[PDB]
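Below you'll find the structure, written out as structure tokens, and then a few comments.
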Amino acid sequence: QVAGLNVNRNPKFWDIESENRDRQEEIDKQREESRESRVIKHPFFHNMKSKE
Amino acid sequence: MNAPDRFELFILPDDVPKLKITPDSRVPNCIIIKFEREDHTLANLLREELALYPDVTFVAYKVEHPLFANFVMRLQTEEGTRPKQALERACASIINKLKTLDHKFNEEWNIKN
Amino acid sequence: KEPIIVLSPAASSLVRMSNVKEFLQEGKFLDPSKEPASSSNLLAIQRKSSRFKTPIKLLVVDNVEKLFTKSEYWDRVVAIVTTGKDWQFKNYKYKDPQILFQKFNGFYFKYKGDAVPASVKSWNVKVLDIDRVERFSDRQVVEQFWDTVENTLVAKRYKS
Amino acid sequence: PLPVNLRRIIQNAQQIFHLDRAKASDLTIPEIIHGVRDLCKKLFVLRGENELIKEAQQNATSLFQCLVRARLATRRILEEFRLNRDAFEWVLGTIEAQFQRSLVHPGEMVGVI
Amino acid sequence: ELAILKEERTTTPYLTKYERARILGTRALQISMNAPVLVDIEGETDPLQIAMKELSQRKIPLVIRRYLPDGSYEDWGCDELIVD
Amino acid sequence: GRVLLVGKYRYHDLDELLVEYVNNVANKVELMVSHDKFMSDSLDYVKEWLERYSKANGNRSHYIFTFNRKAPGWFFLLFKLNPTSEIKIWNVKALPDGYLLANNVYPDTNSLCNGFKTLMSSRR
């Protein structure tokens with residue numbers, strides 16, 4: 001039970017497409033996260049790229 | 001107020017093992033035995049029994065603190081003999097000595113009764 | 001038959017084949033991380049002692065897999081250098097560290113002030129400290145190491 | 001009372017390098033002279049190149065330099081102590097390091113002490 | 001103005017015992033407040049022990065500012081001060 | 001991590017992994033390079049040399065080894081039975097315990113050559 005409101009979603013008077021598009025927009029925003037680098041202490045460890 | 005219960009001198013908690021054995025790697029064929037809820041009565045008996053065995057080269061014990069009822073024993077035998085076997089032999093030998101002592105005392109008491 | 005000194009192939013070892021010659025023989029300690037890696041796993045060093053009229057030639061071996069095919073080589077081992085790692089002893093004569101360390105001289109090199117690893121404290125090995133800054137004590141540490149090694153050599157009645 | 005005990009350092013060197021036996025030393029006289037002379041200039045109490053700073057630094061170590069030169073004389077080193085080379089650099093380095101360790105630390109509340 | 005250039009620093013090049021104690025305390029507190037650790041920890045858990053391990057390896061990211069009596073100061077990094 | 005995996009190989013620390021895997025792989029690579037049947041040049045030049053040598057010595061089958069520039073840590077085994085036979089290339093992987101060819105582990109280069117000859121004889 002999420003859409004408990006009884007708002008008439010008739011496409012003639014309701015823009016279902018806009019609400020759906022905003023819904024995937026916010027869901028993709030939820031999917032978005034953050035990542036950071038890793039630090040390791042070892043004599044032969046170097047934070048370099050493959051080509052580097 | 002802070003005095004411990006007197007039964008803690010001899011009553012063993014369930015989680016505390018009576019007898020913990022850890023090897024002593026500094027010298028070959030040596031083990032360290034930790035006796036819980038024991039004192040000089042068992043320790044001195046075992047030590048002086050083991051000191052007479054030709055295959056036991058080092059035996060000692062110490063009570064770390066008089067306020068705690070436990071002692072730790074160091075045993076170190078020859079190459080052929082595992083130390084735990086020597087400890088078992090000591091226990092059995094003292095048991096036989098006590099058994100014959102009891103028998104002889106009973107005989108003497110009956111004679112002199 | 002020259003005696004054998006065994007080094008740990010671990011990269012964290014303070015003494016490696018690259019800088020073993022300058023350290024044990026010349027008495028000068030260099031950081032092995034900066035030194036280039038040495039391709040040869042066998043090296044020979046010369047020791048001058050007051051206990052012996054002539055300098056002693058010794059062989060330093062990093063890996064015993066390819067140089068200890070015969071058991072009689074183990075009779076020549078006079079010192080073992082370990083990093084406190086169990087996996088060094090997979091192919092050794094005594095795969096258990098304890099028996100190896102009562103039957104052989106074990107040395108562990110650490111910087112002064114660093115904490116000893118737990119396994120090292122549980123083994124019968126000597127602890128030798130090298131200062132990070134002052135370099136005059138390197139000769140003293142080397143002298144202690146060679147004192148132990150020479151005691152073992154004299155006890156073995158080695159002929160030179 | 002003077003800093004860094006010289007007698008202890010010398011006997012430590014003798015024990016460390018096994019300076020017994022009638023073996024002849026390989027320590028040349030110019031090495032002894034130049035080593036002691038250079039050591040008597042590395043006992044830093046005050047840092048800086050200022051002339052007044054240098055004068056104060058020279059004043060602060062007069063008695064200690066007299067002690068060091070009295071102990072580490074050429075004849076005494078070669079005959080009484082019989083140090084070799086390696087023992088000699090070890091002694092010089094140890095003297096310098098111990099002197100640096102014996103200075104007072106900024107932030108001492110010496111008035112209360 | 002008040003800062004003293006690195007070339008003309010005339011204070012002792014060693015870490016005094018007060019500086020060592022204060023540095024260890026500050027680093028231990030920072031580690032206990034979830035600061036990143038710059039050395040590998042084998043099995044250590046005490047913040048003070050981790051701080052001592054960091055100090056021994058010259059990895060503490062702190063700067064000592066030594067105040068001269070006239071108000072000028074010298075900034076010394078804990079990685080360039082000699083520790084016994 | 002307390003446990004390190006390199007394929008089926010399992011290790012417990014970085015130094016153990018390094019010494020047991022990388023050093024052995026490098027030693028096997030050097031043994032392959034120091035082997036008499038090795039050529040580090042380009043694959044096309046290796047093919048041309050093999051064609052020329054087979055044409056000159058058409059009485060025997062010739063096999064040579066070369067670097068796998070596309071797949072690092074591997075080697076290309078090119079063998080030509082006769083001048084009329086096409087050059088066939090086989091894949092060899094540099095493993096710590098040796099060389100993997102046709103799902104078979106050969107401890108040394110000479111053992112690898114003997115195994116290759118035996119495989120050719122059996123398949124013939």
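A quick note on method: Cβ atoms are made from the backbone with ideal geometry, for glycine too, and the neighbour counts reach across all protein chains shown. Read the figures in this text as sums done on the coordinates, not as results from a lab.
Overview of results
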| quantity | calculated |
| --- | --- |
| Amide N of the stretch B:58-97 lying under 20 Å from the label point, which is placed 7 angstrom from the Cα of B:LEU9 along Cα→Cβ | B:62-72 |
| Mean-position separation - Cα centroids, the stretch E:50-77 and the stretch F:1-46, in angstrom | 46 |
| Residues whose placed amide H lies under 5 Å from that of B:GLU38, excluding near-sequence neighbours | B:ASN70, B:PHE71 |
| Sparse-neighbour loop sites [trypsin sites (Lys or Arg not before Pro); the stretch D:39-113; at most 15 other C-beta within 10 Å; DSSP] | D:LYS41, D:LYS42, D:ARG47 |
| Percent of beta bridges antiparallel (DSSP, the protein assembly as shown, rounded to nearest 5) | 75 |
| Shape call, the protein assembly as shown: gyration tensor on alpha carbons, a/c limit 1.5 | rounded |
| Qualifying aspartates and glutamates (Cα of each under 13 Å from Cα of C:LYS159; at least 8 residues distant if same chain) | C:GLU2, C:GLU150 |
| Cα shape, chain B, gyration tensor, a/c 1.5 rule | oblate |
| Proxy reagent accessibility, fewest Cβ within 10 Å first, across B:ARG47, D:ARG8 | D:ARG8, B:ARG47 |
| Efficiency of FRET from Cβ geometry, D:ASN12 and C:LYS126, R₀ 25 Å, rounded to 0.05 | 0.85 |
| C:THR83, E:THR11 arranged by Cβ crowding within 10 Å, fewest neighbours leading | E:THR11, C:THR83 |
| Point-to-point label distance, B:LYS20-F:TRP74, nm (Cα→Cβ direction, 7 Å offset) | 5.6 |
| Chain D shape via C-alpha gyration tensor axes, a/c threshold 1.5 | prolate |
| Fluctuation leader among C:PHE107, C:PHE89, C:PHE23 - chain C, Gaussian network, Cα springs under 10 angstrom | C:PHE89 |
| Label-reachable residues, the stretch F:72-115, where backbone N falls under 15 Å from a point 7 Å from F:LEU43's Cα toward its Cβ | F:72-79, F:87-93 |
| Hypothetical label at F:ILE89: residues of the stretch F:36-70 whose amide nitrogen lies under 12 Å (7 Å Cα-Cβ projection) | F:42-48, F:66-70 |
| Per-residue [θ]222 nm for chain C (sum of -39500 (n - 2.57) over DSSP H runs n ≥ 4, rounded to 500) | -5500 deg cm²/dmol |
| Signed unit charges on C-beta, dipole axis of chain E, positive-most listed residue E:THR11, E:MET52, E:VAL63 | E:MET52 |
| Farthest positive-ward along the protein assembly as shown dipole, Cα basis, beta-carbon charges - from B:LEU75, D:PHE44, A:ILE40 | B:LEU75 |
| Rounded to whole Hz, the Karplus (6.51, -1.76, 1.60) HN-Hα couplings of the stretch C:28-35, x for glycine and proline | 10, 9, 10, 5, x, 5, 7, 5 |
| Among F:52-60, F:68-76, B:12-20, the order from most to least packed when residues are scored by Cβ within 10 Å on average | F:68-76, F:52-60, B:12-20 |
| Inter-chain shielding of C:131-138 (mean C-beta neighbours from other protein chains, 10 Å cut-off) | 4 |
| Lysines whose Cα lies under 16 Å from that of F:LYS55, excluding same-chain neighbours fewer than 8 positions away | F:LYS47, F:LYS80, F:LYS88 |
| Centre separation in Å (Cα based) which lies between the stretch B:17-45 and the stretch C:27-56 | 44 |
| Relative packing of C:134-142, B:100-108, A:1-9, which averages over residues the other C-beta atoms within 10 Å, highest first | C:134-142, B:100-108, A:1-9 |
| Chain D: relative contact order in percent, alpha carbon pairs under 8 Å with at least 6 residues between | 47 |
| Modelled FRET efficiency - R0 22 Å, F:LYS8 with F:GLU30, Cβ distances, 0.05 increments | 0.40 |
| For residues of F:18-29, the mean tally of beta carbons on other chains within 10 Å | 2 |
| Using a Förster distance of 30 Å, the FRET efficiency for A:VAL2-A:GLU36 (Cβ separation, nearest 0.05) | 0.30 |
| Relative contact order of chain C, pairs being alpha-carbon contacts under 8 Å that are 6 or more residues apart, as % | 23 |
| Sum of -39500 (n - 2.57) over DSSP H runs of 4+, divided by residues of chain F (222 nm, nearest 500) | -11000 deg cm²/dmol |
| Environment charge at E:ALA35 (Cβ cut-off 12 Å; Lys +1, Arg +1, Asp -1, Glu -1) | 0 |
| Computed label-point distance, nm, for sites D:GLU108 and B:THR81 using a 7 Å Cα→Cβ extension | 6.1 |
| Chain C - share of DSSP beta bridges that are antiparallel (%, nearest 5) | 30 |
| Test item: C:56-62 mean partner chain Cβ contacts at 10 Å | 0 |
| Between the stretch A:14-43 and the stretch D:13-48, the Cα center-to-center distance that results, in Å | 71 |
